[PDB]
Structure formats: C-alpha cells, structure tokens
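Here is how the chains run, residue by residue.
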Amino acid sequence: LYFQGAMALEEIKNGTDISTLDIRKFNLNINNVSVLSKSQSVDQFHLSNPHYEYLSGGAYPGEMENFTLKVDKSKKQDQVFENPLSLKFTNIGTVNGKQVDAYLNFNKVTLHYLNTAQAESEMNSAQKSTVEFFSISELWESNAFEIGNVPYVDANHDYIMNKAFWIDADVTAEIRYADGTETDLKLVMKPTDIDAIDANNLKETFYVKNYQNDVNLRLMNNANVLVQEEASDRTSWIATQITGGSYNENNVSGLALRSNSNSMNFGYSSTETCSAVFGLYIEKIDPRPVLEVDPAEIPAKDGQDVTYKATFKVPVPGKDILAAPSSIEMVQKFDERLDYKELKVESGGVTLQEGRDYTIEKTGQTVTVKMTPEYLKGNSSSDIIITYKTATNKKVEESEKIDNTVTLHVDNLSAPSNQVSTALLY
Ligand code: NA
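What counts, and where the lines are drawn
Residues numbered from 1 in each chain as written, not as in the entry; some residues may be left out. Heavy atoms only, no water. Helix = DSSP H or I, 4+ residues; strand = E, 2+ residues; numbered from the N terminus. Buried < 20%, exposed > 50% of the residue type's maximum accessible area, 1.4 Å probe, protein only. Areas by Shrake-Rupley, 256 points an atom, 1.4 Å probe, with all protein chains shown as cover. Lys, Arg positive; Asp, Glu negative; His and termini not counted. Charge placed at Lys NZ, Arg CZ, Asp CG, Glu CD. Donors = N, O, S within 2.8 Å, 3.2 Å for Na, K, Ca; no water. Pairing = 2+ DSSP bridges. Axes fitted to C-alpha atoms, helices over the stretch in contact; angles between N-to-C directions. Arc of directions from axis to C-beta. Contact = heavy atoms within 4.5 Å. Domains from an automatic or database assignment. Buried area = accessible area lost by both parts, 1.4 Å probe. Core = buried A, V, L, I, M, F, W, Y, C linked by side-chain atoms within 4.5 Å.

Q: How would you sum up the overall build of the chain? Please name residues and give values.
A: A count of helices and strands for the chain gives four helices and 34 strands. Expressed along its principal axes, the backbone C-alpha trace of the chain runs to roughly 85 × 45 × 35 Å. Scored against the burial criterion, the 426 residues of the chain give a buried share of 52%. Split by element, the accessible area of the chain, about 18400 Å² in all, is 45% carbon and sulfur. Distance between charge centres in the chain, computed from 39 positive and 60 negative side chains, equals 3 Å.

As structure tokens, then:
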C-alpha cells in the first residue's frame, strides 16, 4: 500500500503531465561552472553559435562550452577514460535562505569503437582527433548540460570524429549547501527525449546505478514507452520510439526521479550519434512553513507561557512535488528551557483530531505530528496549522533568547520554517 512503504522504492505510472511540473530547475550554465580537475585526455573549448554535427550543418545561436576526449588513433578498439572531468557550478540558487552549489563528476567515460569503415576512417583521417562527450549551453533548454557524441563544431574546431565511437558516461551529480550545513535536499533529475535508435540498433539509454537503494520515487506518465531494464548494478531506461514536442519528450520518452539523497550516480549511453539534455532540480515546498511565537519577550523565570503557531502549506502533487505524499510530518524541537504542554492541529477552519487525523510522538524535547493515512487519502489542499503550548521551566536562567524552528516533512523531503525567538528579560 501507498502509505506502508517505509524504505521501499516507490514507482508510479499515472496521468501526471511531466512536461508541466512546477519543480525548481537549478541555475547551471557556462558562467557559473568551474573545472575542479580534468585529465589531459579532455579537450575543452568555447564555441559561439556552433554548428550541429558537421561544419556544413545548421548553426544554432548561443554560447557553449564544449568538451571532447583525445583518443589514441592507433587503437581501433574501446577506450576508457577514468575520471576525465570534475565540475562545480557555484551558486545554482538560493534554497531555504542558503546558497546551493552543484557538483558534476564524470567518474568514467567509455568510448565503444563502432567497427565500421566510417569509424576506421575517422581514426585514420589526419583532421580528426577527439570524440564528443559533453557540453554546457542553453541552445536547447535553459540551465542545461548535454551528454552525447554529436559534435559541435566551428571552422577552427572541426577535428571531432563522427560516428567513430558510441559513449557510455558514468556521472555523479550532487547538490550541496555552500555553507557546510547538512544538505536535506533531495536531488531530482528528469531525463527526456530518450528516443534515439540508430541503423545498427544501438539505443539511447539513461541509467541510474544502485537505483534500488539510491532512488526514492520514480514517476512515469501513462504514455511512457521506454523499456525499463532492471539489472544487478543499475536500472536503465531505453529508447523504443521517436518522440517530438515537449509533451511527448517528457511523457512518452521521459521520466522523473527523486533521489534518497542530495546526489545521484547516473549514466548515459549514446548511439552512433545522439545526445540528451539535462537539468538538475528539486521539488518545491514553497512557501516554507510560517512560524509565529507569542510572546516576543518574557520575564526570565519559570512557568511563563510561550506559544508557537506554525502554518504549513501542503505542496501540490503533480506540480510542486512528483506525486501525492505517502507521509506528512511536522517536527518541532523545543529549547531545553521550555516544557511542552500540548498542541492543537487545524485545517480548513476545523479542529483535526488526534487518532483520526494525526498522531503525536514525543521523545524528550522533540515533538512530532504525523498526519494519518486516512487524512492523506482526503487529498486536502488546505494549510495545516499547528499551535504548540509550552511554558518556561526551572532551567530558564542558565543565550539571552529562546529560538525556535519547526520542520515540515513530505515523504523524504523537508523544509524548515523561519526561525523565531523570544527574548529573556533578566
Ligand atoms: Na526526439
């Protein structure tokens, strides 16, 4: 059942329109990327309005940072490039008041020799020297990077081989709070347009390593026609049909993945000539919970009432978050100098009931409200308001202020409220 899957990977296929999600796409571009390290195998260069695939090919407007791999032209056989490229995107957004950075590490890129005349010919030509694997641009989508073996070229960079090798890129993306605090963000990727199949039946493939342990939720639209291949070390999604237009690229040949963590070790393998475009995302809990405290200041002494009111906005399934919540919890932790007394929970002008609508777990100063499966089934959209009654205790006079924050949990997602404080007088 939907509400008793603790730990279990949750896979969903439903009518949600993946092309119209309202999730947050992080800012990733040629202007906030830096190369933390790259091996000498990597040929990196800037292009402006590059040509697609061939020099005589169409030219597309935009700045791009392009990355290729120098191959050993004598080895007409698979070539492996360990850790060729490690990237940081500095300040991809502000979330919950904190700067977030992205890390993108190419763990390995393997070039699989195509064993054709065309491949041998590129290998033997004196003008070709590198193979395409990665680029950063907004030619296709905003805030995106591109993995694939389709060359981008201009008059001075026409050395990239065509259809000599297909590529398999093993990549780890991670999002991280710059300030060093624990990153509670759950990375989301949304591969789309996984639809290329070449003359030789190679198929465009997106994959996730350690899928079963690393992914929290996987969303498909009813129209999905990818083949999901579950193997020991990974799960892959394999092209089966051409798809055009954002709706089809998203729903027919696409999917959404929410990680168990701030990172995901994914992969991508091309055909003799294809590529895919990617952003990094998170779901939205916006607004954050709104926390209030009455009063703003008290006499520093035992038995003084302090009351917290927390207003929780519930994310909208299929817009802010990928799907209806399996669980919603609100976690409060009171300053040592406070004794918890009791709480009430309200929604839609009505006073919800402990037992029917929510339960309460207390462990020391930590008090958690858990909404029941019965409440969640009602798919209510209205704010949940929790009012916590506490009173100072005999420890108040031991920080000349008592601070409070409450945290909303939706599945494995969380968002902290604003912090409030009550001044201690004397
Ligand atoms: Na397509």
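Once you've had a look at it, read on.
Q: I'd like to hear about the coordination of the sodium ion, residue by residue, with values.
A: Coordination of the sodium ion by the protein comes from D193 (OD), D195 (OD) and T243 (O), over a distance range of 2.4 to 2.6 Å. Sequence positions of the residues that donate to the sodium ion give the spacing D-x1-D-x47-T. Judged by its relative accessible area of 22%, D193 falls in the partly exposed class. Residue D195 is classed as buried on the basis of its relative accessible area of 10%.

Q: Before we move on, could you go through the pairing of strand β14 (residues 205-209) and cite the residues and values that matter?
A: Across the five residues of β14, four count as buried, placing the element largely inside the fold. Across five bridges, β14 lies against strand β17 (residues 234-238) in antiparallel orientation. Among the inter-strand pairings, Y207 is bridged to a residue of β17, identified as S236. As paired elements, β14 and strand β19 (residues 263-269) share four bridges and run antiparallel to each other. Looking at the pairing, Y207 lines up with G267 of β19.

Q: Pulling in residues and values, what's your account of the sheet that holds β17?
A: The strands making up a sheet associate through hydrogen bonds between their backbones, and the pairing can be parallel or antiparallel. Spatially, the eight strands line up as an open sheet ordered β3-β7-β8-β12-β19-β14-β17-β16, and their pairing is antiparallel. In this open sheet, the two strands that pair with only one neighbour each are β3 (33-38) and β16 (227-230). Direction aside, neighbouring strands of the sheet carry axes that sit 20 degrees apart on average. Here strand β8 (residues 98-113) runs beside strand β12 (residues 165-177); their pairing, made up of 13 bridges, is antiparallel. Within β12, the residue paired with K108 across the bridge is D170.

Q: So what about helix α1 (residues 117-124)? Which residues, and what values?
A: Regarding α1, the residues found buried are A119, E122 and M123. Relative to the axis of α1, the buried residues are bounded by an arc of 100 degrees and lie together on one face. Buried residues along α1 sit against β7 (79-95), β8 and β12.

Q: Mind laying out the environment of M123, listing which residues take part and the relevant values?
A: Turning to its location among the elements, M123 is positioned in helix α1. Look at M123 and you get buried, because its relative accessible area is 1%. Once the C-alpha coordinates of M123 and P84 are considered, the two residues, 39 residues apart in sequence, prove to be 21 Å apart. If near-sequence neighbours (up to four positions away) are discounted, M123 is found in contact with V71, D72, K73, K75, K76, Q79, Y113, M161 and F165.

Q: Quick one: what's the story with the pairing of strand β34 (residues 420-425), residue by residue and with numbers?
A: Because side chains alternate across β34, one face comprises the buried residues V420, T422 and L424, and the other comprises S421, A423 and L425, none of which is buried. In the sheet, strand β23 (residues 297-299) pairs with β34 via three bridges, with the strands oriented parallel. Looking across to β34, one finds that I298 is bridged to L424. Pairing between strand β31 (residues 401-404) and β34: four bridges, direction antiparallel. Note that in β34 the partner of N404 across the bridge is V420.

Q: Provide a residue-level description of the domain arrangement of the chain, including the pertinent values.
A: Interface size is commonly expressed as the accessible surface area that is lost when the partners come together. Split by domain assignment, the chain resolves into domain 1 (1-287) and domain 2 (288-426). For domain 1 and domain 2, the distance between their C-alpha centroids amounts to 40 Å. Contact residues are listed per partner, giving 27 residues for domain 1 and 24 residues for domain 2. Taken over both partners, the interface formed by domain 1 and domain 2 buries close to 2300 Å², and the fraction arising from carbon and sulfur atoms is 57%.

Q: Break down the nonpolar core for me, with residues and values.
A: Among the nonpolar cores identified, the biggest contains 61 residues, and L104, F106, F133, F134, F145, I147 and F266 are the most heavily contacted of them. Setting aside chain neighbours within four positions, we find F106 in contact with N83, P84, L85, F133, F134, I147, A169, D170 and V171.

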